[PDB]
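Enquirer: Input: one structure, supplied below.
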Amino acid sequence: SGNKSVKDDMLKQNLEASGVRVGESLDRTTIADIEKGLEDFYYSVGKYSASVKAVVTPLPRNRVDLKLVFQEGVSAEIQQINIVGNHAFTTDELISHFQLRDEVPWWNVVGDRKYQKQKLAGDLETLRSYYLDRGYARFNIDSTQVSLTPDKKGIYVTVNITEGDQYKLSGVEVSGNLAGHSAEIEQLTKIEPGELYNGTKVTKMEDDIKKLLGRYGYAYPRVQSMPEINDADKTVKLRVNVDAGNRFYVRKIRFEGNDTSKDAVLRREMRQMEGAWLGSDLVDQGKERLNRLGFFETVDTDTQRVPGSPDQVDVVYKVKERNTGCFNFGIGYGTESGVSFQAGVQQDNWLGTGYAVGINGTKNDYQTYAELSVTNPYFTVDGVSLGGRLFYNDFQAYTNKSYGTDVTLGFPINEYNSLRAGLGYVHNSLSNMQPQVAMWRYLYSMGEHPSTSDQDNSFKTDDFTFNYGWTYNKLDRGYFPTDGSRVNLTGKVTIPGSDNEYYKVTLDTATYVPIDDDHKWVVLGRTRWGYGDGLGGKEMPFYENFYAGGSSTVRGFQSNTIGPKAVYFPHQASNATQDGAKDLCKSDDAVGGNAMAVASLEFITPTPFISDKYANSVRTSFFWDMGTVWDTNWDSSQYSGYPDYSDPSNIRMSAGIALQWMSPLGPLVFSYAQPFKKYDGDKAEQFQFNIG
Amino acid sequence: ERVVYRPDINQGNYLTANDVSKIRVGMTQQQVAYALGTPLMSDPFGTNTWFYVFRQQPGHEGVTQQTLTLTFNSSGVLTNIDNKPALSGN
Amino acid sequence: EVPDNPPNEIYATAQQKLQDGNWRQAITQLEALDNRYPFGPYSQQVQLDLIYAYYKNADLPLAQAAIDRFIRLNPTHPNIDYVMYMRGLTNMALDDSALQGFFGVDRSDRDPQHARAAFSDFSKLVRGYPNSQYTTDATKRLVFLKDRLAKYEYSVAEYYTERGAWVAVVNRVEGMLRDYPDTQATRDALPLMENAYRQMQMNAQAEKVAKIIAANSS
Amino acid sequence: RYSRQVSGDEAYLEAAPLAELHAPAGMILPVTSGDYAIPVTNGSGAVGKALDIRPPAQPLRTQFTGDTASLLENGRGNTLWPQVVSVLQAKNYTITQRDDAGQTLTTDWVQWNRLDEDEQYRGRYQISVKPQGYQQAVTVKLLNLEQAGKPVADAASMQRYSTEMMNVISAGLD
């Protein structure tokens, strides 16, 4: 008790080492030594004015329990960091770029002056880089000094240095055993004369030279760089000696960690071929393909040299499996809708077979829905995908009964680029439609000429259509992406023999750009566009109209609550009942238009209370969303007082905070935002919550 | 239906014209290995025969093979040498 | 929580709770008295009971830790064959998902790193102690493991046939021959070898492997 | 039961036997590594769920060499036999058919061991003849046929259990 800043188990190990193992005679003689040893233990952390006391409690059977009372009074604090000897840079400009601090802003609490012996060497390396990168080649440390005040609260640090001089590079004399690659390597080592010498530039140069050599298979070469400094002209030449090793061959590549996904699945996405000359970049391409696949928490590589030969090397991929798609089964019983039924699954990588299978359905008093979908992504070896689905629904409450079937074939072209094409059938039927200007005018455009006096309306259609699509993604992780782009377009076109005739094109894009080197703060830009239009004469059916708001399009509004609002007709047979109105009234409901455009820019920032160790399961963003939707099959001169619903001007806006967590039940998403802009009836649910 | 992209396929030991030029009977296994590197396959049935095959299958435009075979004696001394610049027929 | 009681009754309740079948409080009291008295004569029997308890509850990583500890403290305990057998058994049973066996998909091409280690452990047991109580079961399980590894190897070779990297399939079937020239998988995979040799027109060995296949056709 | 058997999986018993690959004339087979090599041993082992996966009972002079229960250095070794008689009259409340005291040879009757685990009552008779081996007055138990469920089963594992019941109790009190 009393060990605020340390852990009990390490103290237990310390007493274990000192022959004070639990289950031994309590040596009252050694108590002072035990206390003093623990004082020396806190000597390491930095608590020097600490006192430890021992309490001995006898127990039955003549036993003893020990209370170790710890008093960690005050630890060391850095008073000031004092670099001495410099006539180019001010001290503050140098201290600003260390890790240890001597002072922190009064309005901010993000760190302390807790001196650590390890951080000194890193800080000296940092300072050496800071001078030497701007051509202070001769610069070196004279010495370092760490001093303790005889108070055990103040720590003083001094670094004696020598600014040398300001030198600049002259020319490159790279040579050695280039294995017939002098041209590209000399283009890479090239630099115009007169530019000042830079330190880390040479290191990056060497690393990229090694990488380029590796790309042709020289896995383990030796590259060294040596400067020669002319003091007279303030110049420096550099000698780059390279020695390409033997060309390495992959004996075999293995896989670890995949206890549920069959080895074929992992091996299908490999550009480096077992039994061939090693490609230092193809292995990395395979690794990022595995990441992009989307169901591996972490993937890493290790190229172990086999002891039996100087050439054979085994490439080992180690992966950590993650959950992917999960079961559900809900039977909700009540007074309205009675005992409603619902169940289904939605998972890719079915039992590890690599498929993508999703079945779902619900039984309700007035709404029965079912959908089944399967898709094999690598039907052939090359990677064509064969997929299909069926869906059936009937919704009575509005009456709508329909069922549709579709099949798709996809294939890759070049890298990162895939094309899909397929066929679809859909049978649809509507009955007892409520009065609404847009649906009535669409039906007249079809040629039924229905009666607005009463809602006795029946309509039926059978449609055949063709589907096309194009996808391009280069994004580093298949989930929680942190860098790259992801564009997905898809369109459907009717074909002759179909009651409706139209064409619809939808497009989505997500673009991630990282700022910090460690990929922890990210900038996300999301765009989504959509346009559907009748092919000719006819117009695109209302029941395929777009929407907005909701959770996936624009956070802040309820589901599909953005766009033109419908107009009812008040009359006898509506219930717009005869004893409830007389003149045409707009209806607060929302029916989407035929064109939509939305976007959102947001900042991805880590969350606290989760260690970086488990950071990969939580993700917080600050988001700014913009959205709009409108119709083209609209007239305003026909309705002077009724507001226009064809103006691309009512651009709804929102801003707030959002959070995602890959909980052991699925991707749980929470968000709170405010709609800084709104129009008409845009009832907003401030806080949004959903799964997937 | 050859529109689908296909990753480049390689299966060789990367035989280079200079390296096959260095070949001359009368070396031992270590000497020839240092000349060319460890073969990726040898006959496991009855005899010690070293096969250096150099294949390349780019895109949908055919294949390219440089074949080399070496047979030695039971004392590991080079005895017979063979080489085929292309693949018999197709 | 648990009072400091004489080892007598704590071990007595350990035995009778274990005989009952309740295992949570069983391991709890076992670990308690194991921590409390790491000197008593119980220690050997305590740890031999605790390994069985961890195995039965499927706490396999902790079972492996405890079993390594036991092997370390007395490498020549008179009845170590049992603990080695349990090592192999835990290591093998750790390679099951209990859901892909529901649906009947065979896990013969998943990660075969636990199978290899279980094989090594069983082989060590049968080597050292060929006259103990765990011989025939070890032999049967070890045959099963050998066949599973053969199946995995054939799976990888078959995929490389579908892709068309014939050097790799040649090397894989050759490794099959050197390491498992006794299973059905190699007998089925020899045609892949002959196909491979015929592909690069290195047919001179294709007829050799053809005799290899034909000789044991029946 | 989930008490004295391996995990529920049992599909490995029907394992296809290994057919060694013959070598055609004119060529031979490559070298074997031997890392995965199966030896031949004696049979007569319990397999499947039949095998008793239960930790062995270590006695706690504690002879554990099978039936050998000859516990022996105390100079009062004679009185241990009436001290064992205290275990018989009281404790187990068991009795002996021909319990010699001067010869220190007790023929304890067959007991009835039943401690959970769905264990059928076990009838074990021991030869409680007290020797004087390598020490002062020793005591020995030499078991015989043990009935249990079956007429008599004398598996190697169960013999360790049956001797243990007396080994635990006799060391427990005496």
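Here, A, B, ... name the chains of the structure tokens in the order displayed, residue numbers run from 1 inside each chain, and ligands are numbered from 1 in the same displayed order.
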If we count only C-alpha atoms, what is near residue 69 of chain B at a cut-off of 9 Å, once residues fewer than 5 positions away on the same chain are taken out, given as a list in words?
Expert: residues 49, 50, 51, 52, 53, 80, 81, 82, 83 and 84 of chain B
Enquirer: Any chance you can output those residues with N, CA and C atoms as an mmCIF file, in the first residue's frame?
Expert:
data_model
loop_
_atom_site.group_PDB
_atom_site.id
_atom_site.type_symbol
_atom_site.label_atom_id
_atom_site.label_comp_id
_atom_site.auth_asym_id
_atom_site.auth_seq_id
_atom_site.Cartn_x
_atom_site.Cartn_y
_atom_site.Cartn_z
ATOM 1 N N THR B 49 21.202 -34.548 -61.008
ATOM 2 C CA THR B 49 21.108 -33.700 -62.183
ATOM 3 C C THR B 49 20.567 -32.345 -61.759
ATOM 4 N N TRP B 50 21.273 -31.286 -62.131
ATOM 5 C CA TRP B 50 20.896 -29.928 -61.771
ATOM 6 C C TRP B 50 20.156 -29.282 -62.929
ATOM 7 N N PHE B 51 18.993 -28.714 -62.639
ATOM 8 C CA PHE B 51 18.172 -28.055 -63.642
ATOM 9 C C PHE B 51 18.094 -26.576 -63.313
ATOM 10 N N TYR B 52 18.539 -25.743 -64.237
ATOM 11 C CA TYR B 52 18.379 -24.300 -64.142
ATOM 12 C C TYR B 52 17.400 -23.905 -65.238
ATOM 13 N N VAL B 53 16.146 -23.724 -64.862
ATOM 14 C CA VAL B 53 15.093 -23.316 -65.782
ATOM 15 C C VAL B 53 14.777 -21.856 -65.525
ATOM 16 N N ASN B 80 28.375 -33.767 -68.109
ATOM 17 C CA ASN B 80 27.613 -33.434 -69.305
ATOM 18 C C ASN B 80 26.827 -32.149 -69.101
ATOM 19 N N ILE B 81 26.714 -31.380 -70.180
ATOM 20 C CA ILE B 81 26.116 -30.053 -70.178
ATOM 21 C C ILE B 81 25.116 -29.983 -71.319
ATOM 22 N N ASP B 82 23.943 -29.401 -71.051
ATOM 23 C CA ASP B 82 22.898 -29.263 -72.102
ATOM 24 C C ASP B 82 22.182 -27.920 -71.925
ATOM 25 N N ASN B 83 21.643 -27.362 -73.015
ATOM 26 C CA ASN B 83 20.976 -26.035 -72.940
ATOM 27 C C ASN B 83 19.991 -25.866 -74.101
ATOM 28 N N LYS B 84 18.806 -25.316 -73.825
ATOM 29 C CA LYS B 84 17.808 -25.074 -74.852
ATOM 30 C C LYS B 84 17.364 -23.620 -74.774
#
Enquirer: Residues of chain A near chain C: apply a cut-off of 9 Å, count only C-alpha atoms, and supply the list as a PyMOL selection string.
Expert: chain A and resi 22-23+60-61+251-252+255-264+267-268+273-276+351-352+381-382
Enquirer: In chain B, what's strand (DSSP E) per DSSP? Answer as a ChimeraX atom specification?
Expert: /B:9-10,41-42,49-57,64-72,78-84
Enquirer: Can you pull out every residue within 12 Å of residue 43 of chain A, counting only C-alpha atoms, but drop anything in the same chain fewer than 5 positions away, and send it as an MDAnalysis selection string?
Expert: chainID A and resid 36:38 48:51 72 74:76 152
Enquirer: Distance cut-off 8 Å, counting only C-alpha atoms - which residues of chain B neighbour chain D? Return them as a PDB file with N, CA, C and O atoms, in the first residue's frame.
Expert:
ATOM      1  N   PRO B  44      15.400 -35.995 -57.976  1.00  0.00           N
ATOM      2  CA  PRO B  44      15.482 -36.723 -56.701  1.00  0.00           C
ATOM      3  C   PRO B  44      15.409 -38.237 -56.822  1.00  0.00           C
ATOM      4  O   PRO B  44      15.465 -38.912 -55.789  1.00  0.00           O
ATOM      5  N   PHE B  45      15.281 -38.783 -58.030  1.00  0.00           N
ATOM      6  CA  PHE B  45      14.950 -40.200 -58.153  1.00  0.00           C
ATOM      7  C   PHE B  45      16.183 -41.084 -57.996  1.00  0.00           C
ATOM      8  O   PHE B  45      16.318 -41.810 -57.007  1.00  0.00           O
ATOM      9  N   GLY B  46      17.095 -41.030 -58.964  1.00  0.00           N
ATOM     10  CA  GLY B  46      18.280 -41.859 -58.902  1.00  0.00           C
ATOM     11  C   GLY B  46      19.596 -41.131 -59.060  1.00  0.00           C
ATOM     12  O   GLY B  46      20.628 -41.595 -58.566  1.00  0.00           O
TER      13      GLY B  46
END
Enquirer: Would you mind listing what lies within 12 Å of residue 222 of chain A as a ChimeraX atom specification, with only C-alpha atoms counted and same-chain residues fewer than 5 positions away left out?
Expert: /A:175-178,206-207,209-211,213-214,240-246
Enquirer: Which residues are near residue 63 of chain B? Cut-off 12 Å, only C-alpha atoms, ignore same chain within fewer than 4 positions. Put them as a list in words.
Expert: residues 8, 9, 10, 11, 12, 54, 55, 56, 57, 58, 59, 86, 87, 89 and 90 of chain B; 164, 199 and 200 of chain C
Enquirer: Using C-alpha atoms, can you export the residues from the last selection as a CSV table (one decimal), in the first residue's frame?
Expert:
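out-v4.csv was written with the following content:
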chain,number,residue,atom,x,y,z
B,8,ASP,CA,3.3,-11.3,-64.4
B,9,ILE,CA,4.5,-14.9,-63.6
B,10,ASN,CA,8.1,-15.8,-63.1
B,11,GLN,CA,9.5,-19.2,-62.3
B,12,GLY,CA,13.2,-19.1,-63.1
B,54,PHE,CA,14.4,-19.6,-66.5
B,55,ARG,CA,10.7,-19.0,-67.3
B,56,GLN,CA,8.8,-15.8,-67.9
B,57,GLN,CA,5.0,-15.6,-68.6
B,58,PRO,CA,4.1,-11.9,-69.2
B,59,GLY,CA,0.5,-11.0,-69.7
B,86,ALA,CA,13.5,-22.0,-76.4
B,87,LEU,CA,10.7,-24.5,-75.8
B,89,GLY,CA,7.4,-26.4,-80.6
B,90,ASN,CA,4.9,-24.3,-78.7
C,164,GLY,CA,0.5,-22.5,-62.9
C,199,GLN,CA,4.7,-28.7,-68.7
C,200,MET,CA,8.2,-27.5,-69.0
Enquirer: For residue 145 of chain D, please output as JSON, numbers by chain all residues within 9 Å (counting only C-alpha atoms; exclusion window: fewer than 2 positions along the same chain).
Expert: {"D": [123, 124, 125, 143, 147, 152, 153, 154]}
Enquirer: Grab the atom CA of residue 128 of chain C to atom CA of residue 4 of chain D distance for me, in Å with one decimal place.
Expert: 25.0 Å
Enquirer: I need the chain A residues near chain B as a PDB file with N, CA and C atoms, in the first residue's frame; criterion: at most 12 Å, counting only C-alpha atoms.
Expert:
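Generated output (result-v9.pdb):
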ATOM      1  N   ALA A 179      26.366  -4.522 -60.267  1.00  0.00           N
ATOM      2  CA  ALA A 179      25.639  -5.584 -60.963  1.00  0.00           C
ATOM      3  C   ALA A 179      24.885  -5.045 -62.177  1.00  0.00           C
ATOM      4  N   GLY A 180      25.547  -4.179 -62.936  1.00  0.00           N
ATOM      5  CA  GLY A 180      24.978  -3.672 -64.176  1.00  0.00           C
ATOM      6  C   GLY A 180      23.738  -2.826 -63.997  1.00  0.00           C
ATOM      7  N   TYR A 216      15.474  -5.709 -57.704  1.00  0.00           N
ATOM      8  CA  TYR A 216      15.959  -6.685 -58.666  1.00  0.00           C
ATOM      9  C   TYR A 216      16.407  -7.980 -58.013  1.00  0.00           C
ATOM     10  N   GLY A 217      16.315  -8.088 -56.690  1.00  0.00           N
ATOM     11  CA  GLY A 217      16.568  -9.341 -56.009  1.00  0.00           C
ATOM     12  C   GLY A 217      17.807  -9.384 -55.142  1.00  0.00           C
ATOM     13  N   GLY A 245      24.926  -8.220 -52.922  1.00  0.00           N
ATOM     14  CA  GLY A 245      25.088  -9.609 -52.562  1.00  0.00           C
ATOM     15  C   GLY A 245      24.602 -10.518 -53.669  1.00  0.00           C
ATOM     16  N   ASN A 246      24.498 -11.796 -53.334  1.00  0.00           N
ATOM     17  CA  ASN A 246      23.949 -12.749 -54.281  1.00  0.00           C
ATOM     18  C   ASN A 246      22.453 -12.515 -54.453  1.00  0.00           C
ATOM     19  N   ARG A 247      21.929 -12.964 -55.588  1.00  0.00           N
ATOM     20  CA  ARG A 247      20.496 -12.897 -55.820  1.00  0.00           C
ATOM     21  C   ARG A 247      19.803 -13.989 -55.018  1.00  0.00           C
ATOM     22  N   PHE A 248      18.760 -13.613 -54.285  1.00  0.00           N
ATOM     23  CA  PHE A 248      18.086 -14.513 -53.364  1.00  0.00           C
ATOM     24  C   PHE A 248      16.841 -15.108 -54.005  1.00  0.00           C
ATOM     25  N   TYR A 249      16.526 -16.336 -53.618  1.00  0.00           N
ATOM     26  CA  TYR A 249      15.379 -17.060 -54.141  1.00  0.00           C
ATOM     27  C   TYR A 249      14.466 -17.481 -53.001  1.00  0.00           C
ATOM     28  N   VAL A 250      13.159 -17.408 -53.233  1.00  0.00           N
ATOM     29  CA  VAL A 250      12.183 -17.810 -52.226  1.00  0.00           C
ATOM     30  C   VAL A 250      11.979 -19.317 -52.323  1.00  0.00           C
ATOM     31  N   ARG A 251      12.426 -20.037 -51.300  1.00  0.00           N
ATOM     32  CA  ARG A 251      12.195 -21.473 -51.259  1.00  0.00           C
ATOM     33  C   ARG A 251      10.708 -21.778 -51.135  1.00  0.00           C
ATOM     34  N   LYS A 252      10.035 -21.127 -50.193  1.00  0.00           N
ATOM     35  CA  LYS A 252       8.612 -21.320 -49.966  1.00  0.00           C
ATOM     36  C   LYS A 252       8.129 -20.208 -49.060  1.00  0.00           C
ATOM     37  N   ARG A 268      -4.098 -16.690 -52.620  1.00  0.00           N
ATOM     38  CA  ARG A 268      -4.590 -16.178 -53.892  1.00  0.00           C
ATOM     39  C   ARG A 268      -4.070 -14.779 -54.167  1.00  0.00           C
ATOM     40  N   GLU A 269      -3.831 -13.999 -53.122  1.00  0.00           N
ATOM     41  CA  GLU A 269      -3.399 -12.617 -53.271  1.00  0.00           C
ATOM     42  C   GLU A 269      -1.906 -12.504 -52.982  1.00  0.00           C
ATOM     43  N   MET A 270      -1.124 -13.083 -53.884  1.00  0.00           N
ATOM     44  CA  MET A 270       0.327 -13.084 -53.774  1.00  0.00           C
ATOM     45  C   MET A 270       0.918 -12.796 -55.140  1.00  0.00           C
ATOM     46  N   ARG A 271       1.701 -11.730 -55.232  1.00  0.00           N
ATOM     47  CA  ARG A 271       2.403 -11.435 -56.468  1.00  0.00           C
ATOM     48  C   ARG A 271       3.786 -12.052 -56.503  1.00  0.00           C
ATOM     49  N   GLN A 272       4.418 -12.211 -55.348  1.00  0.00           N
ATOM     50  CA  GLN A 272       5.688 -12.911 -55.279  1.00  0.00           C
ATOM     51  C   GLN A 272       5.424 -14.406 -55.326  1.00  0.00           C
ATOM     52  N   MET A 273       6.024 -15.086 -56.293  1.00  0.00           N
ATOM     53  CA  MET A 273       5.702 -16.476 -56.570  1.00  0.00           C
ATOM     54  C   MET A 273       6.761 -17.383 -55.960  1.00  0.00           C
ATOM     55  N   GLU A 274       6.322 -18.340 -55.147  1.00  0.00           N
ATOM     56  CA  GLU A 274       7.243 -19.274 -54.519  1.00  0.00           C
ATOM     57  C   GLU A 274       8.019 -20.043 -55.575  1.00  0.00           C
ATOM     58  N   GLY A 275       9.326 -20.152 -55.380  1.00  0.00           N
ATOM     59  CA  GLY A 275      10.166 -20.782 -56.373  1.00  0.00           C
ATOM     60  C   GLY A 275      10.477 -19.850 -57.521  1.00  0.00           C
ATOM     61  N   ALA A 276      11.016 -18.678 -57.206  1.00  0.00           N
ATOM     62  CA  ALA A 276      11.388 -17.697 -58.213  1.00  0.00           C
ATOM     63  C   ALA A 276      12.285 -16.665 -57.551  1.00  0.00           C
ATOM     64  N   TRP A 277      12.938 -15.855 -58.376  1.00  0.00           N
ATOM     65  CA  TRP A 277      13.857 -14.869 -57.831  1.00  0.00           C
ATOM     66  C   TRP A 277      13.099 -13.813 -57.045  1.00  0.00           C
ATOM     67  N   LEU A 278      13.625 -13.489 -55.869  1.00  0.00           N
ATOM     68  CA  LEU A 278      12.899 -12.675 -54.909  1.00  0.00           C
ATOM     69  C   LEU A 278      12.665 -11.273 -55.445  1.00  0.00           C
ATOM     70  N   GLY A 279      11.456 -10.769 -55.229  1.00  0.00           N
ATOM     71  CA  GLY A 279      11.133  -9.393 -55.535  1.00  0.00           C
ATOM     72  C   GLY A 279      10.867  -8.616 -54.266  1.00  0.00           C
ATOM     73  N   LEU A 282       7.427  -7.032 -54.466  1.00  0.00           N
ATOM     74  CA  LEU A 282       6.254  -7.867 -54.681  1.00  0.00           C
ATOM     75  C   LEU A 282       5.736  -8.439 -53.370  1.00  0.00           C
ATOM     76  N   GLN A 285       3.700  -5.728 -51.919  1.00  0.00           N
ATOM     77  CA  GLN A 285       2.422  -5.632 -52.616  1.00  0.00           C
ATOM     78  C   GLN A 285       1.461  -6.700 -52.122  1.00  0.00           C
ATOM     79  N   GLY A 286       1.956  -7.921 -51.940  1.00  0.00           N
ATOM     80  CA  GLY A 286       1.123  -8.965 -51.372  1.00  0.00           C
ATOM     81  C   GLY A 286       0.643  -8.626 -49.974  1.00  0.00           C
ATOM     82  N   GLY A 308      20.958 -23.388 -44.304  1.00  0.00           N
ATOM     83  CA  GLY A 308      21.627 -24.352 -45.148  1.00  0.00           C
ATOM     84  C   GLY A 308      22.200 -23.833 -46.443  1.00  0.00           C
ATOM     85  N   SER A 309      22.037 -22.548 -46.745  1.00  0.00           N
ATOM     86  CA  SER A 309      22.498 -22.011 -48.016  1.00  0.00           C
ATOM     87  C   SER A 309      22.603 -20.504 -47.894  1.00  0.00           C
ATOM     88  N   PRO A 310      23.457 -19.861 -48.693  1.00  0.00           N
ATOM     89  CA  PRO A 310      23.513 -18.397 -48.696  1.00  0.00           C
ATOM     90  C   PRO A 310      22.465 -17.734 -49.573  1.00  0.00           C
ATOM     91  N   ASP A 311      21.551 -18.488 -50.167  1.00  0.00           N
ATOM     92  CA  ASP A 311      20.585 -17.910 -51.093  1.00  0.00           C
ATOM     93  C   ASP A 311      19.136 -18.126 -50.694  1.00  0.00           C
ATOM     94  N   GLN A 312      18.766 -19.336 -50.300  1.00  0.00           N
ATOM     95  CA  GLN A 312      17.364 -19.650 -50.074  1.00  0.00           C
ATOM     96  C   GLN A 312      16.824 -18.847 -48.897  1.00  0.00           C
ATOM     97  N   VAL A 313      15.648 -18.249 -49.073  1.00  0.00           N
ATOM     98  CA  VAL A 313      15.012 -17.449 -48.033  1.00  0.00           C
ATOM     99  C   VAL A 313      13.528 -17.780 -48.003  1.00  0.00           C
ATOM    100  N   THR A 380     -12.816 -17.694 -60.958  1.00  0.00           N
ATOM    101  CA  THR A 380     -11.658 -18.211 -61.668  1.00  0.00           C
ATOM    102  C   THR A 380     -10.391 -17.839 -60.917  1.00  0.00           C
ATOM    103  N   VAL A 381      -9.274 -18.400 -61.373  1.00  0.00           N
ATOM    104  CA  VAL A 381      -7.997 -18.122 -60.727  1.00  0.00           C
ATOM    105  C   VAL A 381      -7.654 -16.647 -60.845  1.00  0.00           C
ATOM    106  N   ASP A 382      -7.911 -16.058 -62.014  1.00  0.00           N
ATOM    107  CA  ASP A 382      -7.531 -14.671 -62.253  1.00  0.00           C
ATOM    108  C   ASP A 382      -8.222 -13.734 -61.277  1.00  0.00           C
ATOM    109  N   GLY A 383      -9.489 -13.990 -60.982  1.00  0.00           N
ATOM    110  CA  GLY A 383     -10.190 -13.158 -60.035  1.00  0.00           C
ATOM    111  C   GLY A 383     -11.547 -12.642 -60.458  1.00  0.00           C
ATOM    112  N   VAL A 384     -12.184 -13.273 -61.444  1.00  0.00           N
ATOM    113  CA  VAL A 384     -13.547 -12.884 -61.777  1.00  0.00           C
ATOM    114  C   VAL A 384     -14.472 -13.303 -60.644  1.00  0.00           C
ATOM    115  N   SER A 385     -15.503 -12.505 -60.413  1.00  0.00           N
ATOM    116  CA  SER A 385     -16.426 -12.710 -59.309  1.00  0.00           C
ATOM    117  C   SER A 385     -17.796 -13.037 -59.865  1.00  0.00           C
ATOM    118  N   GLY A 410     -18.034 -10.001 -62.420  1.00  0.00           N
ATOM    119  CA  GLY A 410     -17.027  -8.962 -62.358  1.00  0.00           C
ATOM    120  C   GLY A 410     -15.647  -9.483 -62.682  1.00  0.00           C
ATOM    121  N   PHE A 411     -14.722  -8.589 -63.016  1.00  0.00           N
ATOM    122  CA  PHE A 411     -13.388  -9.019 -63.407  1.00  0.00           C
ATOM    123  C   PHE A 411     -12.425  -7.859 -63.242  1.00  0.00           C
ATOM    124  N   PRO A 412     -11.155  -8.132 -62.970  1.00  0.00           N
ATOM    125  CA  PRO A 412     -10.178  -7.059 -62.812  1.00  0.00           C
ATOM    126  C   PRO A 412      -9.440  -6.739 -64.099  1.00  0.00           C
ATOM    127  N   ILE A 413      -9.126  -5.458 -64.249  1.00  0.00           N
ATOM    128  CA  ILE A 413      -8.293  -4.965 -65.335  1.00  0.00           C
ATOM    129  C   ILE A 413      -7.228  -4.070 -64.728  1.00  0.00           C
ATOM    130  N   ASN A 414      -6.005  -4.200 -65.218  1.00  0.00           N
ATOM    131  CA  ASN A 414      -4.843  -3.531 -64.628  1.00  0.00           C
ATOM    132  C   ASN A 414      -4.827  -3.880 -63.139  1.00  0.00           C
ATOM    133  N   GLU A 415      -4.317  -2.989 -62.307  1.00  0.00           N
ATOM    134  CA  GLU A 415      -4.379  -3.169 -60.868  1.00  0.00           C
ATOM    135  C   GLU A 415      -5.447  -2.257 -60.289  1.00  0.00           C
ATOM    136  N   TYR A 416      -5.968  -2.645 -59.132  1.00  0.00           N
ATOM    137  CA  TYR A 416      -6.859  -1.796 -58.351  1.00  0.00           C
ATOM    138  C   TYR A 416      -8.160  -1.477 -59.074  1.00  0.00           C
ATOM    139  N   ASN A 417      -8.353  -1.987 -60.284  1.00  0.00           N
ATOM    140  CA  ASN A 417      -9.491  -1.613 -61.111  1.00  0.00           C
ATOM    141  C   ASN A 417     -10.309  -2.845 -61.449  1.00  0.00           C
ATOM    142  N   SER A 418     -11.609  -2.772 -61.200  1.00  0.00           N
ATOM    143  CA  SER A 418     -12.513  -3.872 -61.486  1.00  0.00           C
ATOM    144  C   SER A 418     -13.745  -3.357 -62.210  1.00  0.00           C
ATOM    145  N   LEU A 419     -14.276  -4.195 -63.095  1.00  0.00           N
ATOM    146  CA  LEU A 419     -15.480  -3.896 -63.855  1.00  0.00           C
ATOM    147  C   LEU A 419     -16.504  -4.990 -63.616  1.00  0.00           C
ATOM    148  N   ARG A 420     -17.738  -4.590 -63.341  1.00  0.00           N
ATOM    149  CA  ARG A 420     -18.840  -5.512 -63.135  1.00  0.00           C
ATOM    150  C   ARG A 420     -19.906  -5.272 -64.190  1.00  0.00           C
TER     151      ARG A 420
END
Enquirer: Applying 8 Å and only C-alpha atoms, which residues near residue 36 of chain D remain after dropping the ones on its own chain fewer than 3 positions away? List them as JSON, numbers by chain.
Expert: {"C": [119, 146, 179, 180], "D": [33]}
Enquirer: So how many Å separate atom CA of residue 472 of chain A and atom CA of residue 596 of chain A, to one decimal?
Expert: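 Atom-to-atom, atom CA of residue 472 of chain A and atom CA of residue 596 of chain A are spaced 21.9 Å apart.
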Enquirer: Using atom CA of residue 634 of chain A and atom CA of residue 563 of chain A as the two end points, give the distance in Å to one decimal.
Expert: 12.7 Å
Enquirer: Pick out the chain C residues within 7 Å of chain D. Count only C-alpha atoms. Give them as a PyMOL selection string.
Expert: chain C and resi 19-20+45+48-49+52+130+133-137+140-141+144+178-179+181-183+211-212+215-216
Enquirer: Running DSSP on the backbone, which parts of segment 29-141 of chain C land in alpha helix (DSSP H), as a count of residues only?
Expert: 73
Enquirer: Which one is closest to chain C: B:65, B:31, B:73, B:16? Count only C-alpha atoms.
Expert: B:65
